[PDB]
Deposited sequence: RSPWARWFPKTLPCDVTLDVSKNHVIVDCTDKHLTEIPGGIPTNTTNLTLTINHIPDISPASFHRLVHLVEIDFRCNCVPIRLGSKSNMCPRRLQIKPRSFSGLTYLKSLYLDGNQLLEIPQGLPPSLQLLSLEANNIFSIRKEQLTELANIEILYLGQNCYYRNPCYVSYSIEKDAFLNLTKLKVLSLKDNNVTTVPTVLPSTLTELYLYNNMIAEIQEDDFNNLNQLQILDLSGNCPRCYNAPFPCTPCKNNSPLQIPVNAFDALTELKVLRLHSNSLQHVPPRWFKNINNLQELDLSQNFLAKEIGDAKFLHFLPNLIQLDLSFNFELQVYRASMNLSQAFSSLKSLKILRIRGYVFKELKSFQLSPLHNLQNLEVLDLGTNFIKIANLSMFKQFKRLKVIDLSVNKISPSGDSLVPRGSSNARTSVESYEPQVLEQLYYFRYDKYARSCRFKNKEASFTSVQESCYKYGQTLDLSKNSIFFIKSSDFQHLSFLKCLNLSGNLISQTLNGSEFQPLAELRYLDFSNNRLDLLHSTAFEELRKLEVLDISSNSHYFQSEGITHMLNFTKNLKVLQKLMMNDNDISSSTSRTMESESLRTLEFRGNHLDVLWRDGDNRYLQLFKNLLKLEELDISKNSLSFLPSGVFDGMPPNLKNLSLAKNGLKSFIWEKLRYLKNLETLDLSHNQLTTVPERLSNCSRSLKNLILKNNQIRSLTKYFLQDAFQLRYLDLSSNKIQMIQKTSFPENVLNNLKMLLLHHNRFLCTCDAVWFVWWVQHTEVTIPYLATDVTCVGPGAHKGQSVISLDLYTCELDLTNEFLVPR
C-alpha cells in the first residue's frame, strides 16, 4: 500500500489549500532534531523535547519554514519536571535563523534563555520568549525586530522563575518597533510603564508586576489600543493562593484621573487585584467604546453602593466586581447603586464574593430595565436567604448563578484567585433559562419555593442537602423545565411518582444520591421512569445501587441511561433471576453505561435482557474475567462495545459470528495475550478496534484479513508485548506499509525482544536476515 514507510517520529500533515507542510514532533523524547524532515516543511513544532542546542545545521534545508515552535526544551527549574530536570539552557549558535527567509513565527518559550536571540530574519511577525531569563530589554537588541507585530516577553521574572532584580527596560526601547501590535510584559517584576510605546499597539499586557503608580502621560500616544491589562499591580493578597506582596501603606495602584484620555479605541480594561478603593468617574469621560471591565479583587464594596463612574459606560457589555468584600464583615444585604441602571448595553454582571446574608427583590432593582442582561453571577456570597420568586422579573436572562451560597428555607474552578488565568502551558445552558443553585444548603423543597418561575428550562440543585422523599408535588410550578440536575443530594425514591410533575423534563441527573441506596432493606422505586413521557437522558451514577423493590424500569422515551458506579453484581447475583430484565422495557434505550459495577462475570440472561435498540454498551472497569462473546448475538443493533479496563484474556473465535453489527470494539487495558486464528474474518462492519495495553506477542495475517483492516478508521495496538522474531515478519511488514491509522507508532509500538530488539520500535525494524 505504501512503497516507502515513514520512519520520522513526527506527525506529518498536508494542507495544500494552505500550502502548509506541518511536521509536529511534540513530546517525542527527542535529544536531536530528527533527520529526514520534509524539505517543503512550513510549520515545524519541537515542543517538549530535550534538544540541547540549535545550529545552522538545524534548519539548513528547511527553506520554506514560516513557523518554528521550539518551546519547553529546557523549562525553568520550578515549572518543569523534577524527575527529568533540564541539565542546561538551550544553546543557540549564530545565524541559526538568518537563513529562514520566510519565517513569520518563532516560539522559543521556556528554554532558560538569557538574551533575545539575534540574527532573526526581517519576515518575523511574532516572537515569543516567555519563561526564559531575559529581564533587561535594550533597544539595541530589538533593532532586528523592525517588522515584529506580536512580542511575548512575560514570565521572565516572577516567583516560579525568579530573576532576583527589577525588570529593566531602556527608554524608548520599543518605540521604533513601528508595526508592533501586541506587547506582553506580564509576570516580570516590572516597576514602571515603559515609555514611549509605539502608537500602533492594540493590546498591552502589564499585569502581575511591581508598578506602584501610573503616570498621566504613560499611555497618551496609544490611540489605537483596544486592550489594557494592569491587574495585579498592588495586589489584594488576603487568601492569595500564590506568594503575594502588597504595596506599602495599603496603597492602591495610583492612576491619575486623566491617564486614559488618549485610549479612545479601548474596548477592554482589566484592573483586577489593584487594591482600589475608588473608581473615579473621570477615568472614563473619553472612553465611550469600553465593552469589558474587570474590577475584581479590589476594595470596592463601598464603591458598589455609589459607583457614579457607571454613568460613563453605556456601551459596556460585561462588568466584574467579584471579591471586593470588606475583611471580617458579614454585611446584611447587597447595596447596589442606582447607577447600575445606566448600564444599558450590559450582558454579563458578576459580583461574586461581596459576602452578604440576605438577598431581597428590591436590592436587584437597578437591573430591572437592563434589557440586554443575560448573566447575573452572585456566587460565593454566603447568602443564607433568597426568595427564588424574585427572579419573576428576569425571564430575559440566560443564567442566574447563585452557586456556592448558604441558601436554605463556565468559568474555571480556580478563576478569581489564580495568579495568571492566562498562563500558557507547554452543561445545561443550551436548554434555555438556567437557575444555578448548586452547592447551597437546601435541605427541603416545597412546590411554592418555585412560584412565578414557570419559565425555567434548567434548574441546578446539585450538591445541596436534599434528604427528601419526592412524591411528585415538589416541582409543580416548573412547567417548562427540560433539565434537572439533582446530583449530590440524598434523594429517597420511596414513591415512583417522583419528578412526574416535571412534564417537559428531557434530562434528569440523580447521580451521587447514594445515601438511601446504601441502607439495608429500604424501599427503592426504580420504576419511577414510566411517568416521564419525554425523558431522554437519565443519569444515576455512583449511587451504590444494589437492591430494588421494582424489577423493571420502564420508559418509552429514554435513549441514554448512565448506571455507572452501582452494584449490578449484587442485583444480578448468580441464582437470582429477578433483575435480569431491569432495562428490557426501556424500549428506545440506545446508550447504556454500566461500567464500574463490579461485574466480574455476566450471568446468562443479561444479554437477552437488554432492550432491543441498544447501540452503545459500556462494560468498562468491571474486573470482567470472562465473556461469552456469542451472547452478543442478542444485541442486534449493537455498534459500540466498550470492554476497556477489564481482565479478559481472549477475543472471540470469530467476531463476525458474534455480532454482524459491531462497529467499534474497545478492548484496551485487558490481559489478552494472543488473538484467535480467524478473529476478524468477515467482520466487514468493523471500523474501530482498540487492542492497546494488552499482552499480545504476535498477530498473524489470518487474524487480520486486510479486507477488514482496509475499512478500519483507527487500529490501536500500542503498549503490547510484541516479539520481533522472524515469525513476526508479516505483522512488521504490514505495520510499516499500511494505510490504516495506528497512533503512537513513533513512541510506544515496540518490540519486547528478543534481547537485541528490546525497546526497539516496530516501524524501524529491519528483518532482512529472515530473507537471506
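Novice: How would you list, in order, the spans of the deposited sequence that the model does not cover?
Specialist: Gaps vs deposited seq, in order: 1 to 4, 414 to 436, 454 to 467, 814 to 823.
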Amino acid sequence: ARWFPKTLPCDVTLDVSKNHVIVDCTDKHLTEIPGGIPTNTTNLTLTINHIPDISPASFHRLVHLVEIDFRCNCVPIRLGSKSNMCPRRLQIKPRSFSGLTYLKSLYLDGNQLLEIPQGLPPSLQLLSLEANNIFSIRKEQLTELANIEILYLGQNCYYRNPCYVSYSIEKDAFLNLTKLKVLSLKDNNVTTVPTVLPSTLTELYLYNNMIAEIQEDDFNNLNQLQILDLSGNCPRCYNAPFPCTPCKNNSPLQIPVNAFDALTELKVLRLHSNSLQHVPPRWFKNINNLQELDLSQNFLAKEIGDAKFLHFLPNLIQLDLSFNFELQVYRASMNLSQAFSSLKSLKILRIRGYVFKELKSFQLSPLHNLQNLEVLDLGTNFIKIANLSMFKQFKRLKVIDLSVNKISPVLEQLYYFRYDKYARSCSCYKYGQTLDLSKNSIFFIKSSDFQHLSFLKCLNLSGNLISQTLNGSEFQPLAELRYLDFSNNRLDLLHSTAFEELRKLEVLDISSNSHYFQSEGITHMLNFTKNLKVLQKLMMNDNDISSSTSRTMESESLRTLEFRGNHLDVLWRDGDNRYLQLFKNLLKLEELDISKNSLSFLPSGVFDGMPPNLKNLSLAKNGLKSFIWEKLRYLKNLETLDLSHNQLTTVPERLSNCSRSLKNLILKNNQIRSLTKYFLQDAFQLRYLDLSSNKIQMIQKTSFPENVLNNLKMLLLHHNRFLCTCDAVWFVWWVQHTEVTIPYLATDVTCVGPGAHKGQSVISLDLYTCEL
From here on, numbers count along this sequence of modelled residues.
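Novice: Mean CA B-factor: is it higher for 617 to 625 or for 357 to 365?
Specialist: Comparing 617 to 625 with 357 to 365, the higher mean C-alpha B-factor belongs to 357 to 365.
Novice: Higher mean Cα B-factor in the deposited model: 644 to 652 or 308 to 316?
Specialist: Higher of the two, by average CA B-factor, is 308 to 316.
Novice: Reading the B-factor column of the entry, which of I150, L571, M540, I255 has the highest value at its C-alpha atom?
Specialist: Answer for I150, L571, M540, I255: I255, with the highest C-alpha B-factor.
Novice: Checking the record values for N669, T560, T101, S550, which has the greatest CA B factor?
Specialist: By C-alpha B-factor in the record, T101 ranks first.
Novice: Going by the recorded CA B-factors, say which third of the chain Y579 sits in, lowest, middle or highest.
Specialist: Bottom third by C-alpha B-factor.
Novice: Hey, what third does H452 fall into on Cα B-factor, ranked over its chain?
Specialist: CA B-factor rank for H452: highest third.
Novice: Using the B-factors in the PDB entry, rank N664's C-alpha atom against the chain and give the third, lowest, middle or highest.
Specialist: For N664, whose C-alpha B-factor we compare with every modelled residue in the chain, the answer is the middle third.
Novice: Rank-wise, by C-alpha B-factor, drop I48 into the lowest, middle or highest third of its chain.
Specialist: For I48, whose C-alpha B-factor we compare with every modelled residue in the chain, the answer is the middle third.
Novice: Taking the C-alpha B-factors as the PDB entry records them, is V749 in the lowest, middle or highest third of its chain?
Specialist: Its C-alpha B-factor, which the entry lists for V749, ranks in the lowest third among residues of this chain.
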